[PDB]
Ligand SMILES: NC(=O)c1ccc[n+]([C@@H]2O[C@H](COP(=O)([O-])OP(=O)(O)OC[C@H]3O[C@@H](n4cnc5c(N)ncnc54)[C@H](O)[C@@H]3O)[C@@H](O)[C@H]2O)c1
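Take a look at this single chain, the form solved without the named molecule, given in structure tokens.
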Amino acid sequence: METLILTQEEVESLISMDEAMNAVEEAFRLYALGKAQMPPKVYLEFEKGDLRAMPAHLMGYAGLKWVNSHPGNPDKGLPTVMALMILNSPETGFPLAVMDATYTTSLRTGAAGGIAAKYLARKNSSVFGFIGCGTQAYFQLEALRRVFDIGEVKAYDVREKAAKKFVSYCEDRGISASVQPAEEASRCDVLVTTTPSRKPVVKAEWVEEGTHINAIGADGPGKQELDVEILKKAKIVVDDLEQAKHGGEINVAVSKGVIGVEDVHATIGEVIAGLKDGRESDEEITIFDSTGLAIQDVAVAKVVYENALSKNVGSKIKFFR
């Protein structure tokens, strides 16, 4: 036995949005039903950044992703976020593969958006808003368009060029799109928030009846994108209650004591497994609060891995004797 090693380039070509969506969907469901293992994240704090260990066990695979976040890195010429994933057999413990997880992380968060919209947005959804046109908004779009003939896109960003670049990308693939300011962008069927805002970027009365919001942006205590007033009158669905309470979109309203646990309707897993209701009336406004769960990562890695075996990809390394 040897260990497979796969680089970012290799992984990219080894998994499609479609595969990723299935992996993620099934991962949420299995976890909701008690058929997946995900112990708490572990942190190592530094002055200039941090590292997290996120292990999980499901679908006959175990793995650990080890991912950093160092904001100063761009200015140093490296990416803000680098992730490696070690994938293991639960039978032997053997390290089947060590692979990049930078790409897959982005991929599965988008996948997750797609799935959540799949279960929570109105089926007749045609107009799509993007508040923030960074890397994740692309993934969110790519996944969402696996589930919707997206009729119009409305794109807002703080940086003029970033918005435009996003719009050009849409028009490249036939989606009619338009740069718009945040006011009008927020008015749609599906809204996708990806900003790392600390004040709310979206106002309550901009959100119409029947809107679904993928609140992906917020990634830590104090980050917030939506007016606490939308959360007050919405069907709220989480990635994971603890992690949403700490770092997700609800974190500030929870801390200020404006909504509590009581107010969260369901985990997405629960919705997929049918333990809790999805969307009810057309008029209601729904929010998916995304956080990232390690099970998403392992589930997507088993897909990459198994394909790599199929297509004979990677370097093989013999770690032991």
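Sequential numbering from 1, following the sequence displayed.
The form solved in complex with the named molecule is left out here; the points below concern that form.
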So, a 4.5 angstroms cut-off on heavy atom distances: do all three of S125, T211 and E283 pass it with respect to the named molecule in the deposited complex? no
Select, from the options 212-220, 184-192, 93-101, 146-154, the stretch whose residues sit within 4.5 angstroms of the named molecule in the deposited complex by heavy atom distance. 212-220
Give a yes/no on whether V201 approaches the named molecule to within 4.5 Å in the deposited complex, heavy atoms considered. yes
Would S168 count as touching the named molecule in the deposited complex under a 4.5 Å heavy atom rule? no
With a cut-off of 4.5 Å between heavy atoms, is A162 one of the residues that contacts the named molecule in the deposited complex? yes
Does the 4.5 Å heavy atom contact test between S197 and the named molecule in the deposited complex come out positive? yes
Taking 4.5 Å between heavy atoms as the contact cutoff, choose which of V228, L78, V158, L84 touches the named molecule in the deposited complex. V158
Could you tell me which one of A121, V238, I115, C133 places a heavy atom within 4.5 Å of the named molecule in the deposited complex? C133
Looking in the deposited complex, the residues of 270-298 with a heavy atom no more than 4.5 Å from the named molecule, listed in order, are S290, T291, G292
